[PDB]
Amino acid sequence: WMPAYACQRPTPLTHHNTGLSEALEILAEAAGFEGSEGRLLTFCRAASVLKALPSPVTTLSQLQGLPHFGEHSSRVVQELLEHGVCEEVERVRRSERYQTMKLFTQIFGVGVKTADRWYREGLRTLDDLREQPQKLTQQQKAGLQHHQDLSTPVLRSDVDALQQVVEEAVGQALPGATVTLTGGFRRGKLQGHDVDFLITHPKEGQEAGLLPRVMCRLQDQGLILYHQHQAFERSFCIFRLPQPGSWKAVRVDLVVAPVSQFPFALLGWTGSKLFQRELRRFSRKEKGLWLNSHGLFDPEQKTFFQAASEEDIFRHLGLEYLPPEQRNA
DNA sequence: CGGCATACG
DNA sequence: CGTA
DNA sequence: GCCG
Ligand SMILES: Cc1cn([C@H]2C[C@H](O)[C@@H](COP(=O)(O)OP(=O)(O)OP(=O)(O)O)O2)c(=O)[nH]c1=O
Ligand SMILES: [Ca+2]
Ligand SMILES: [Ca+2]
Ligand code: NA
């Protein structure tokens, strides 16, 4: 009925169990703030199972036989179904630890480990961080200065203008190179935390050295508020996006892949994050193959699969094809 | 109980 | 350590 | 936290 890996089932962007999945994802996020990747994964997988169901869960017995629902996740759903709230979830939501770890980890340049250290040092607010700026990396200073803009969602309707400026820079850097929108927007999201572009060229090898040339040109056009190099193949930058009478900062990721690897990079960067983790787990644990954003490796034959398309990759792995809009695990 | 995705900057 |  |  319900397979155990998220890559084995369609997961649409919008579904019939939103409130239940959001509660489980709070517990997932809190598990992550405490360093328990295992508990985070189970809560995320349980949430994702609900996203794949064809109708709302209305009674506890509808969880019977679903994967990733044991005593804990089932108790969470039960309380939500009976009372409209789950005490554990609310306790997490209002905890000082959760709220502060959430605030700090949302800063670009701050991960769970840094946030945790700052929390143990007694820091609680962004103004706390701004008072001692000498303790911040350059990346964190930019994340902190731009935090307000970066906390507002990027709209799908912003994306086309941004893709056009990136295409112009890419075209000058390397005529014939292409720009593909990936990430959540390619899965159909109408808003997202950042924009993801995948760049390649139809002649294998021509893309080598491309990304510094692209970044230089965008920086010369005045469009880059931050990037790490202001050789590489991924750039995590903050872009100047036009707005009425002004502009806002937005996060934009650029990645370059050779065309031979483009299907693997397209698959990886289109996500969702849980979908890719589950796909790589399935590949390795069920098929004996090692998957990443560069390729698919058979460690017995010591050979890489060639792929001309995402469809090829699903077929290699023995999985029914899922379009990007059904990869919202 | 072991395992939990897999990279690059 | 950060990032995807 | 859950699966196998
Ligand atoms: C963060 C992250 C992303 N990815 C891949 C899959 C993600 O869909 C893709 C883009 O990363 P994100 O931009 O972080 O996620 P997103 O585009 O799906 O969500 P949003 O709309 O909020 O911006 O990169 C991983 O494979 N592993 C990770 O840890
Ligand atoms: Ca994104
Ligand atoms: Ca991104
Ligand atoms: Na962060």
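Below, all heavy atoms of this structure are taken into account, side chains as well, without hydrogens, waters or symmetry copies. So that the names make sense, note that chain A is the first sequence line, chain B the second, and so on, each numbered from 1.
Rounded to an integer number of Å, the gap from A:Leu144 CG to C:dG2 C1' is 16 Å. Taking atom CE on A:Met2 and atom P on D:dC3, their separation rounds to 13 Å, with Å as the unit. Put simply, CD on A:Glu278 is 12 Å from P on B:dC4, counting in whole angstrom units. Remark: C1' of C:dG2 and CZ of A:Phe108 are 8 Å apart, rounded to the nearest angstrom. Atom CG in A:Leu274 sits roughly 18 Å away from atom P in D:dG1 (whole-Å rounding). Summarising the geometry, the separation between CG on A:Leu24 and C1' on D:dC2 is reported as 13 Å, rounded to the nearest angstrom. Regarding A:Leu198, its CG atom lies at a distance of 15 Å from the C1' atom of B:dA7, rounded to whole Å. The separation between A:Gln140 atom CD and C:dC1 atom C1' is 9 Å, rounded to whole Å.
For the pair A:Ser73 and D:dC2, the criterion of a side-chain N or O lying under 4.0 Å from OP1 or OP2 is met. For the OP1/OP2 pair of B:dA7 and a distance below 4.0 Å, the side-chain nitrogens and oxygens of A:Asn292 include at least one atom meeting the criterion. For D:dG1, the OP1/OP2 oxygens have a side-chain nitrogen or oxygen of A:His72 closer than 4.0 Å.
Listed in residue order, the members of residues 279-286 of chain A having a heavy atom less than 4.0 Å from DNA chain B are A:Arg280, A:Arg281, A:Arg284, A:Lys285. Against DNA chain B, the stretch residues 199-207 of chain A makes no heavy-atom approach under 4.0 Å.
Considering only the side chain of A:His229, B:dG9 comes nearest among C:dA4, D:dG1, B:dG9. Considering only side-chain atoms of A:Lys113, the nucleotide from B:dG9, C:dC1, B:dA5 that sits closest is C:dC1. Of the candidates D:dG1, C:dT3, C:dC1, C:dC1 carries the atom nearest the A:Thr114 side chain, counting heavy atoms from C-beta on. When distances run from any side-chain atom of A:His294 to the nucleotides D:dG1, B:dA7, C:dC1, the shortest one goes to B:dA7. Closest to the side chain of A:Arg234, from the set B:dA7, D:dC2, D:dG4, is B:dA7.
No engagement by A:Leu254 is indicated, since no non-hydrogen atom pair under 4.0 Å with the nucleic acid exists. Across all strands shown, A:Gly38 has heavy atoms under 4.0 Å from base atoms, whether or not it also approaches the sugar-phosphate. Residue A:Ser36 is out of contact with every strand shown, counting any heavy-atom pair closer than 4.0 Å. Among the heavy atoms of the strands, none lies under 4.0 Å from A:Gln276. If you check every strand for non-hydrogen atoms under 4.0 Å, A:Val255 touches nothing.
Taking the six-membered ring where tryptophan is involved, the planes of A:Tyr226 and A:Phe108 are perpendicular, since the angle between them exceeds 60° and thus also 30°. Between A:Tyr5 and A:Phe282, the two ring planes are perpendicular [angle over 60°; tilted spans 30° to 60°].
Under the side chain to side chain contact (heavy atoms under 4.5 Å, CB included) criterion, A:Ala329 pairs with A:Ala6, A:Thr11, A:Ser48, A:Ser272, A:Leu274, A:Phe275, not counting sequence neighbours.
Listed for the A:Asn17 side chain is no donor-acceptor partner under 3.5 Å among the backbone atoms of A:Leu20. For A:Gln163 (side chain) and A:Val179 (main-chain N/O), a donor-acceptor pair under 3.5 Å exists by modelled atom type. No donor-acceptor pair under 3.5 Å is formed between the side chain of A:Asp149 and the backbone N or O of A:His146.
By the 4.0 Å N-to-carboxylate-O rule, A:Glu90 lies too far from A:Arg94 to be salt-bridged with it.
Residues in residues 256-267 of chain A take part in no salt bridge (charged side-chain N to carboxylate O under 4.0 Å, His left out) pair, two or more places apart or across chains. For the salt bridge (charged side-chain N to carboxylate O under 4.0 Å, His left out) condition, the pairs that include at least one residue of residues 31-59 of chain A, sequence neighbours left out, are A:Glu25-A:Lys51, A:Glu34-A:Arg97, A:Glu37-A:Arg277, A:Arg45-A:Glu278. The list of salt bridge (charged side-chain N to carboxylate O under 4.0 Å, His left out) pairs with a residue in residues 201-212 of chain A, not counting sequence neighbours, is empty.
Annotation: of the two residues near DNA chain B, A:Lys273 and A:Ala231, the 5′-most nearest-nucleotide partner is A:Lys273.
Taking the P atom of each, B:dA5 and D:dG4 are spaced 15 Å apart, rounded to whole Å.
For the pair A:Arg124 and A:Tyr119, the cation-pi criterion (under 6.0 Å, within 45° of the ring axis) is fulfilled.
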